[PDB]
C-alpha cells in the first residue's frame, strides 16, 4: 500500500482528513520542500523534507505513522513498506436501471474534443424502443467521460420521459 493512502484511510474512520502545510526553502535550483501534517485529535505535527512536494508529503506521513506507532495508537504489523424532474444528479442512475431492465448491452461511445491539455469529450448512446419501434439518441459534451455520459443519459431519459416509457 501507499503511506499517504494509508494515513487518509486511518482518518477516514473519524470523518476527518490530515491537514498538510508546506513551504519551500532552498536555493532556487536545489530547492527543498518542508512539509508538516496534523490530524485531530492529536497535538503532534509530523514533518518531512524532499526535493519535491509529493515526496515531502509522504515522508511527513510516515513520520506521523511513526508517532502513532510510538504512542501505541497503531501496531507495527498494520503498517507497510425540470422536464418531469429529471436532471444530471438523477438521470444517469435512472437510465442505468432502464438499460439493465431491457438488456440494452450497448454502452456510451466517447470521442475526444480539443487538445490533450484541455481535453473534453462527447458521450453518445442510442436506445431502441421496440414498443414504439423507434430510436432515441444523444451526443452531449462533458468535461470528462463521466460528466459527458451523464448529460448524454440526461438527454436520453428526458426524451424517454416525453414518450411515457419512463416515470418522473
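Numbering follows the first chain given and starts at 1.
According to the entry, the deposited sequence runs straight from residue 71 to residue 72 with no unmodelled residues in between.
Comparing the deposited coordinates for 9 to 17 and 151 to 159, the stretch with the larger average C-alpha B-factor is 9 to 17. Mean CA temperature factor is higher for 60 to 68 when stretches 139 to 147 and 60 to 68 are set side by side in the entry. Highest CA B-factor among the listed residues (103, 133, 52, 120): 103.
Sort the modelled residues of the chain by CA B factor and residue 125 lands in the lowest third.
Residue 37: CA B factor in the middle third of modelled residues in this chain (values from the PDB entry). In the deposited entry, the Cα temperature factor of residue 27 places it in the middle third of its chain's modelled residues.
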